Structures are given as structure tokens and as C-alpha cells.
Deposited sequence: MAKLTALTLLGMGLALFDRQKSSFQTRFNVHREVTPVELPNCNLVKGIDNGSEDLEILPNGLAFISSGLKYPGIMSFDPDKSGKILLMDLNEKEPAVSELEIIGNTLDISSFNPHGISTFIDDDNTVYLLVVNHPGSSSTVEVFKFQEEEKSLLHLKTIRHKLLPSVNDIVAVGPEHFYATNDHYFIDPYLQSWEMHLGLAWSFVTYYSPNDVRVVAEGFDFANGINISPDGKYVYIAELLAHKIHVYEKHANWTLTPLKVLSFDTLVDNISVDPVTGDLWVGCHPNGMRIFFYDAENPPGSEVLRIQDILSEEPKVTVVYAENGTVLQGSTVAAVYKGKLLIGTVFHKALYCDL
């Protein structure tokens, strides 16, 4: 039993949270059942996925409003069964015509697909277009879109079956892996992760960032003209890193994190998980500037997974709880 010592470090079981406060944080009214991932367009519209397992939804906020309200986007089309819609990570892709595609990881039962929608702005609706599935996408956590049906995806596990996933995680196999998917060409691009989770890309398309939750790492890969990834750098932290957002103006990373892994994996309302947001600047330079921008123990926001910024505001989502909107 030094599978006790691996467990304590992986799940960061001793960590407590030094508070870092922001001025003027408000809970978003109407978000009570998760807001695991979100993405903000250049014009300030924000998509949020919720009700990850209280049915599954995609929410919309217009972050240009002074006190933004959430509305539920209506999904239309006949290619999607909503009664099992169970959305997880998301990504957007804006084509040359300014069509907005939204890609949504979906877990209908114990399975993964990637659902492609077209966002219809004037109507506040999502036109379902395509269900994607593949043997190289067994357990999809998050994707980053590089076209309407092109993305890199993390699998947080090698197995699909929850019983096996549980064994796979506790054994510490680290078999999780990252897939490039496109209509003509589906390949594994990186492998051997302990719970690969968030994933994103630099604004110029040359670097890919991947969060490895249980190793407390962000990997930086050079992304090449042929879509292949090569390892460049690994950053280490004292926290479980979950989803990565990238600010398109600076390239900075905004990361939602779980300080203590026991509290997010073995939920307990008497000891609920806290929240933490990191900002990472100059991730290529010799000393990347890492800053804790917001941190608390869960008396306001529990289980942060994602954070992004828009024009001076910070929006933070969680696995199964609320969302917080804050001034920086």
C-alpha cells in the first residue's frame, strides 16, 4: 500500500483554499444544475452547457447586458433525440460566412457522441445537424473545434463502461488519450494521460493546450499544418485543472480548477468542493506567469470547471452547481 500515497497526491487530498476575492460577484439567476462548460463568442454571446449527469440544456447569455439573464436555447431538427441529451464540454467554430457552429459533447447513457449544431441567432435556437461517434472517441470530455466537423477531443478514459472506467481510474492506468477527428481522417494524436480533460487552442492555431486533471498538468503541444501534435512544455500546479479557455486577444489561458480532488469526486454537502480560476500568461516564455484570479471554499460557488473573460467580466461555471459572474 503506496497506492495510498499515489491516491493522496492525485486527488490532492490535503489541499485547502486560500481565498482570493473579486469585487462584485453575482450568482447567475436560473443556473442551479451545472454549467460544466461555456464559451463566449467575440460578440459577447455566451453558450453554457448544463444538467450533465434537471434535463440537459444549452443556455445563452448576452454578456453585453449590464445584468445578463440566461435563456434556454431551443434545439430543433429531427436528427437528435433530446430526451437523452446530456451535454458536457462544448466548442464553437465561426465559418467564413459568419455561421456559428456549436459542437457539444453528449453522453446519451453511457456512451459519447459529439453533436454539431448551427446557432440561429435571430431565433435564439440551435439547428441540430449531425451526430458524430467513433471508436477513437470512447469517453469524450471536451473538444476544441477547428471546423464544422473537425476537432481535437480529450477522452478522459480508455473504457466506455462506467464500472471499468472506475477500475481504470483507481488502478492509475493513465490510458486516456487525445483524438483528432475530421470527415477524412481520424487518429490518436497524444496518449498516456491520467484523465485528460480540458483542451483548447492558441488564436493563431499553432498550439494546443491539454489539461490532465489527476496529474495537475497542462501540456502545450505545437500543432502542425498536417494536424499532428508534438510535445513542447508541461506546466505543473497544486490543483486539479479542468477546462481551459483561451482569450482570443492575448492568447492567455483561463482555467477552472478543483483544489481538492476528494471533494469533487466523493461529493458531500457537509464538505462541498470549492472553486479556483487560474490565469496563465506567456505560456511559451521560460517563466509563465500563473495567477490565482479567484478562489473560495464553496460557500458561494461549488466545483468550478471553467472560466472565461469578456470585456472586464469573469464568468465561472461548475460541474453540478451554479455559475458566478464577477468584475475583474
Exercise for review: Provide the list of deposited-sequence positions lacking C-alpha coordinates, grouped into contiguous ranges.
Suggested key: 1 to 17, 71 to 80
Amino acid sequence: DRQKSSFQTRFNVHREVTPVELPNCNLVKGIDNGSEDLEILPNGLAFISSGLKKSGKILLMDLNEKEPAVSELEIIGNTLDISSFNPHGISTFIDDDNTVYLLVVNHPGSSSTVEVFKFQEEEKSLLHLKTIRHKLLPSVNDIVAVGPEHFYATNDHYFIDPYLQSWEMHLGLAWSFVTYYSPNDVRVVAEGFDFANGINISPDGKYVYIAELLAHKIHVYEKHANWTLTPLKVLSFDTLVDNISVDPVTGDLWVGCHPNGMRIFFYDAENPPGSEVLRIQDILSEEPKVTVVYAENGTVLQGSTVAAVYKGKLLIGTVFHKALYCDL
From here on, numbers count along this sequence of modelled residues.
Exercise for review: Pick between 70 to 78 and 194 to 202: the one whose mean CA B-factor in the entry is higher.
Suggested key: 70 to 78
Review point. Got a sec? Mean C-alpha B-factor, which is higher, 284 to 292 or 42 to 50?
Key: 284 to 292
Exercise for review: Report the option among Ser275, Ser55, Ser35, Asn260 whose CA atom has the maximum B-factor in the deposited record.
Suggested key: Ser55
Revision key, fill the gap. When the entry's CA B-factors for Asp96, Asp247, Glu115, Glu212 are compared, the highest one belongs to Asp96
Check your understanding: Comparing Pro148 with the other modelled residues of its chain, is its CA B-factor in the lowest, middle or highest third?
Key -> highest
Exercise for review: Going by the recorded CA B-factors, say which third of the chain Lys124 sits in, lowest, middle or highest.
Suggested key: highest
Point to revise | Lowest, middle or highest third - CA B-factor, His107 | key: lowest
Exercise for review: Give the position of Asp156 by CA B-factor within its chain, expressed as the lowest, middle or highest third.
Suggested key: lowest
Check your understanding: In terms of the chain's CA B-factor thirds, is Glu222 lowest, middle or highest?
Key -> middle
